[PDB]
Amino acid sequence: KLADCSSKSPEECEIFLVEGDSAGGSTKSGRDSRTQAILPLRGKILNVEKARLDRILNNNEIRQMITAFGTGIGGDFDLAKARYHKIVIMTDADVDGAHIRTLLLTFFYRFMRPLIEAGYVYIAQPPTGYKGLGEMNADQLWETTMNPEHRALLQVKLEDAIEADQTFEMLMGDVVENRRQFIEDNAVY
């Protein structure tokens, strides 16, 4: 359920992970099919900080990303096998798109950390407001979010890796109390 690009040159290729089958369709029309691949996700994906390894590797969503990236995972990870030099996370600009984005970053961080370190991981920036990806036209998704000439990407930088581990464990881990304390402290209701 990947729509791959024409070029075989990982250096100029980008893969967009788009929330929702509906936004998926739009992004395939809009894209440059030469250099831009599309991988749509149903919705919420596995939280790997909370699942067992057996379950992680059996998960359809996860398997599809691993295959698409082509780098392998964990020990067997090889940066030089990467099929795209840009992995772009593209979610709705809303609170659920936010969540999906944390789920995805958790996955990259715990299973493909070097991809972040290498600067291959990006976040797209669709127009902000009430409208999600599924409601946008193909040409407008291109103009605002996918076109190299006008789009604004954020590159995902890893800085302090001790700080990142503690952060991933606090927000996504199984200890509810540390999560609840973070929310209360930073809440701005």
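Note that residue numbering begins at 1 and tracks the sequence as displayed.
Averaged over CA atoms, B-factors in the entry run higher in 5-13 than in the other of 5-13 and 177-185. As listed in the deposited structure, the average C-alpha B-factor of 112-120 and of 95-103 is greater for 112-120. Among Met146, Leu53, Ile38, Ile45, the highest C-alpha B-factor recorded in the PDB entry belongs to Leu53. For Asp139, the recorded CA temperature factor ranks within the highest third of the chain's modelled residues.
For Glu61, the recorded CA temperature factor ranks within the middle third of the chain's modelled residues. When the modelled residues of the chain are ordered by their C-alpha B factor, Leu79 lands in the highest third. Among the modelled residues of its chain, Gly30 has a C-alpha B-factor that falls in the middle third according to the deposited record. In this PDB entry, the Cα temperature factor of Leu133 sits in the bottom third of its chain's modelled residues, the lowest group.
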